[PDB]
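Please find the sequence and an experimentally derived structure below.
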Amino acid sequence: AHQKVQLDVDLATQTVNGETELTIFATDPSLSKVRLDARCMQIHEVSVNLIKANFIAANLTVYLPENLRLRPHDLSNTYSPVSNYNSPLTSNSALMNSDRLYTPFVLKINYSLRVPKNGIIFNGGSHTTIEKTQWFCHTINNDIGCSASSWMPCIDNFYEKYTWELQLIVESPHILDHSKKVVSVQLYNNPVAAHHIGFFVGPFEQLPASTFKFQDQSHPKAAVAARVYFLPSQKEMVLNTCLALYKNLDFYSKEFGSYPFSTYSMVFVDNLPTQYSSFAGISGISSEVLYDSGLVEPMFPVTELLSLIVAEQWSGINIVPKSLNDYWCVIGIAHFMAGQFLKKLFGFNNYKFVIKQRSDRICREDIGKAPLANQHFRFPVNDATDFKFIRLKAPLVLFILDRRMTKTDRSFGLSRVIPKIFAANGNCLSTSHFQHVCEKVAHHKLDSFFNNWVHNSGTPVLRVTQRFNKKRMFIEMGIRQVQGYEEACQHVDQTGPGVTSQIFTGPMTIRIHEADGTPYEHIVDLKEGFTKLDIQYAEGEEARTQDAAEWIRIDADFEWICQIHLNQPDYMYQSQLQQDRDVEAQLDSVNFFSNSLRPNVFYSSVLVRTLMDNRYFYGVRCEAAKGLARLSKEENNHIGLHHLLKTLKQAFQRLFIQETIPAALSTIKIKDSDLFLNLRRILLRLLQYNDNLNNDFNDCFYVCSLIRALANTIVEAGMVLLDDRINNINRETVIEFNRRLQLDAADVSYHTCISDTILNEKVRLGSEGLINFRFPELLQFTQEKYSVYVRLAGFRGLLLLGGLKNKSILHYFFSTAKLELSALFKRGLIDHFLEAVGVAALXXXXXXXXXXXXXXXXXXXXXXXXXXXXXXXXXXXXXXXXXXXXX
Amino acid sequence: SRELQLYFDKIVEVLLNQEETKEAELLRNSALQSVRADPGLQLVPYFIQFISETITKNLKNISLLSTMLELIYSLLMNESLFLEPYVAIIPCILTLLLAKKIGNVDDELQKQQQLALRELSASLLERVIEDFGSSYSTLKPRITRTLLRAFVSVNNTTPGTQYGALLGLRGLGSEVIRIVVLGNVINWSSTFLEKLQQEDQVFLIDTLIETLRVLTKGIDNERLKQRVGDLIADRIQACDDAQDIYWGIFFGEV
């Protein structure tokens, strides 16, 4: 129920030793020889009541309360109560044996945390870290995971909720022991678990703010100390993040329920970034932990990251479910809150279009995945599950469930359901119980939609029937759906195409259009799959069939992830893309028209007009540009009208010019190959003349788009590889890239263009390159440690690019990865090394077999012995799973 | 443009303005030769402003003055079209010819580096004042008035800086040597007598008199001496009774 932790002596020596006075509530639990979670630490006494007794070390197992030397009068007696308190005992509370339940005690024991404790960045201030901050250490220890064992000796389970106090020395404190402040923190009312009990020792500077805002820096587009916190810096970043986080926190707090936190401030620790820690936003105890990205490209990235972090922290810590399989529920609520707040605050690329693009990307990335309801356990699994496909799959299920009927039952059901669990079941929640209550209070069923939706889905055939009834004006029509389809059970121990993943067909909306593409709606029940319906009351094709009845175009929720297929492709795509009062319908019609066939001059003029329309945003303009780029010819190659029109139109800027320059640059310089004079003049003229019409401060978009366009032009147009100065163009591009990189990385300062330029140049070159200077250049740069963002990029690029010979490459890479351990070098070196080796070495069964064969042929040098004998904490778990999967 | 210029200026300041030992001479010579052999005149304004500020707020030791004089001599001797429009020989040559605390406070007696630096400053300032065809060096009246006012006001930088600067500027600019060397009538006795101040530097006074007599001692002088004999009675007998002027001229001409 209570806890008195006393830590100290953590800085300088990078250690943390102190006593621990745990106060049980637990009431029952197990008692006696408790299995306290610990790591590579040093024990320090273990008294209890009177003296001590036997106890095991090691999984810790300290014995307590075993003999009959204690007294049972305290547990057998009872005090007076009021308001029907009861508080009765029984044989467990009394009886006369060990491991009694419903008993109260108070244990104490001193612990010592050395510098060899895995799972906590320790960097004392004494000629061991760096010249910056010499009188201040840095031992930030993660919390979301299993760091409790390495930070102290206690339980690390999730089925036991109990409170604890935070009275450490680094209420209100000041002078206590000379230069020590006894920081007392009650918190004996609300209780938590063991997985969220860390000690992130970071900077003391707290750059918090409030929430009152209206203009300040030309904005925009009962509180708490919001903002962030850095090492005496991050003024502008703390201001912007304080205003945005203040408005979002106020809206979420006023549209959600409650919140027991008052320190809505992040931080910029030096140990960033990390996989499941410094990724976007960390959730600890009224304090955010963000990486060093104050001058990076934000907009939708920083916005979606902050919104998802706030929603996840407000919906992932308020309800404590008994089952850890609530990833779809927490991710769904967080995605809904972040989507509503972002839609009510941000509005430039169309919220509906952004949601549609996210759903399409989630479907494409989930077409070949596994299952949602995985088998639960332990930071790599949490980070992968939280940043995998669950976030993109929870939005579709949440939107489908919330759109299956009325929104009143969903909003009122969730708001009223949250108060029941938040008022009376803090550690008794259940995802199955919540889903059952929601389905029972709002319509029913949902089993086939939840299980079937989380299993798999697909579709690739849609037939339509047309029937004209002139005797009574009955325009019958048919709609049929068909498909042509030919660790989770240890990576699927067997198989199975489905066969029918989508059970119920859900709602079948029939938005039939009248003559000249009108806007008629229809509510088709459908339900059962493979059914029929019935309805009633150069341009030779369009001229002869201008208006006959009703051109019922495609939809309205995509119950079976959905491809369109029906007659009138050109007429339906043109009428739907040129006459439609829905952003989703316009985008779908534009995509279908760009992916199908139509006219040449008409399609180019209509596409240019629609892409240049003021009503269109980044999604419409980018969609039209992508379609015109993929189809810049009815049957030839390039389109002079489309290319000349885009170049002439392209010649505060803002999202229009920023989004048009990137799409036109990465899409313009494609294959080409032939005509090295014109191609080299356009690509070289754009690269050397970049920002030659409106150069200012916004250079990240032009740098990324320019690097991508150059890499795509040199790779696509230089893949084969001089009758047209091909060698001169290649040498000029290589010299220009080398001089630009040496100038931007030598007598300059950057970090948002050097990595993209180096990666784009290396990826564009690759084969037929310099044999061999990659190893000496990367080894010299990494050895010299130039710029914080350069070593990881060079190591990952070299490890992911090499392959031939490989003489001593495994030993050099192993020593470099084992010696360069920190934050971006450790995380980026481990993740980038594993992903680079796997991608470089290698349908699934065939690939795995090939990799195994390659490993067998090159079994020499592994470790395994060494790599595994060195991997600890996160590297021990991740290296254990990955190592076991590679063995 | 704003990035390369700042990078070069800072690289020279950290460099150039820095110091070393084994690579100090090689770095200074390589930098002066490179800046005075390649590159361009884009770094002429920054280098002139930094050199003028450091030379105007420094004046310490003899190493800084020698390095600045060598760099200015190399850049000015191998520069583009910017020195004439910027006009720097007036302030640079004026401060270098008016300096005295650098040597005095930094090796006053036996200021060999001060003498060599004075000769080099007289050569550079002389060439800068002589590189004029129409009006690129109209500082003759200001320099003459400044030297006359300084000599008639006190003994600032006495005695060799003003004589070397004026002698070099007049000799190099004489394209005016007679008017510059004459000026007035009785000037030697009036200058020495007006100054003096119990000059305890016998070797310095004798060296200055001998240097002035040798520098003043020639087509007209050779023709007049060969046709007569330097006018022993006229110069003697006639003229004034300058013991140092007549004795120095006779001893130097004998």
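Here it is on my side, so go on. Residues are numbered from 1 along each chain as shown, chains lettered A, B, ... in the order given.

Now do the SS call for residue A:86.
coil (DSSP: H, G, I helix; E, B strand; the rest coil).

make that residue A:21, sorry
strand.

where exactly do the strands run in the stretch 251-400 of chain A?
Under the criterion DSSP state E, counting those that start in this stretch, the stretch 251-400 of chain A carries no strands.

Which residues does stretch B:63-81 contact?
By CB atoms under 8 Å, 6 or more residues apart in numbering or on different chains, the residues outside stretch B:63-81 that reach it are B:16, B:28, B:31-33, B:35-37, B:40-41, B:44, B:47, B:51, B:54-55, B:58-59, B:83, B:88, B:92, B:96, B:99, B:102, B:113, B:117, B:120-121, B:124, B:127-128. Heads up, the C-betas are built off the backbone N, CA and C, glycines and all.

hmm, which of these are the buried ones?
B:16, B:28, B:31-32, B:35-36, B:44, B:47, B:51, B:55, B:59, B:83, B:88, B:92, B:96, B:99, B:102, B:113, B:117, B:120-121, B:124, B:127-128 (16 or more other CB atoms under 10 Å in any protein chain shown).

and chain A, which of those residues reach it?
Near chain A, taking CB under 8 Å from any CB of the partner chain as the test, no member of the buried ones among the contacts of stretch B:63-81 is found.

element containing residue A:733?
Using DSSP states H and E, residue A:733 sits within helix A:726-745.

What is the subsequent helix or strand relative to that helix?
helix A:754-765.

tell me what that following helix is packed against?
helix A:700-716, helix A:726-745, helix A:791-801 (3 or more CB pairs under 8 Å, 6 or more residues apart in numbering or on different chains; DSSP states H and E).

about what we covered before: pull out the buried residues from the helix holding residue A:733.
Result for helix A:726-745 [16+ other CB under 10 Å]: buried residues A:726, A:729-730, A:733-734, A:737, A:740-741, A:744-745.

I'd like the distance between residue A:600 and residue A:632.
Counting by CB to CB, to the nearest Å, the separation of residue A:600 from residue A:632 is 10 Å.

Just want to know which of the two has more residues nearby.
Higher neighbour count among residue A:600 and residue A:632: residue A:632, with 21 against 16, using other CB atoms under 10 Å in any protein chain shown.

is it fair to say the more buried one lies in a strand?
No - the assignment for residue A:632 (three-state DSSP) gives coil, which keeps it out of a strand.

residues contacting it?
A:638-639, A:642-643.

So how do I select the buried members of the residues you listed in ChimeraX?
Restricted to buried positions by 16+ other CB under 10 Å, the ChimeraX selection for the contacts of residue A:632 reads:
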select /A:639,642,643
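
Which of the contacts of residue A:632 fall within helices?
A:642-643 (DSSP state H).

if we take the contacts of residue A:632, which one ends up nearest to residue A:512?
residue A:642 (33.1 Å; CB to CB).

Against residue A:636, how distant is that closest one?
12 Å.

And the contacts of stretch A:393-404?
Residues contacting stretch A:393-404 (CB under 8 Å, 6+ apart): A:327-329, A:331-333, A:335-336, A:339, A:355, A:358-359, A:362, A:366, A:372, A:410, A:438, A:443, A:446, A:449-450, A:453-454, A:506-507, A:557, A:559, A:561.

if you set the cut-off to 7 Å instead, what comes out?
A:328, A:331-332, A:335-336, A:358-359, A:362, A:366, A:372, A:410, A:443, A:449, A:453, A:557 (CB atoms under 7 Å, 6 or more residues apart in numbering or on different chains).

Now flag whichever of those residues is closest to residue B:3.
residue A:358 (39.9 Å).

Identify the residues contacting the closest one.
Counting by CB under 7 Å, 6+ apart, residue A:358 has contacts A:392, A:395.

Just give me the neighbour total for the residue of the stretch 1-150 of chain B found nearest chain A.
Residue of the stretch 1-150 of chain B nearest chain A, by CB to the nearest CB: residue B:7 (4.2 Å). Neighbour count for residue B:7, taken as other CB under 10 Å: 14.

Assign it to helix, strand or coil.
Criterion first, three-state DSSP; result for residue B:7: helix.

Pull the contacting residues for it.
Counted by CB under 7 Å, 6+ apart, residue B:7 has contacts residue A:747.

that older thread, give me the subset of the contacts of stretch B:63-81 lying in helices.
B:28, B:31-33, B:35, B:44, B:47, B:51, B:54-55, B:83, B:92, B:96, B:102, B:113, B:117, B:120-121, B:124, B:127-128.

on that earlier part again, any idea which of the buried residues of helix A:726-745 is closest to residue A:273?
residue A:745 (21.0 Å).
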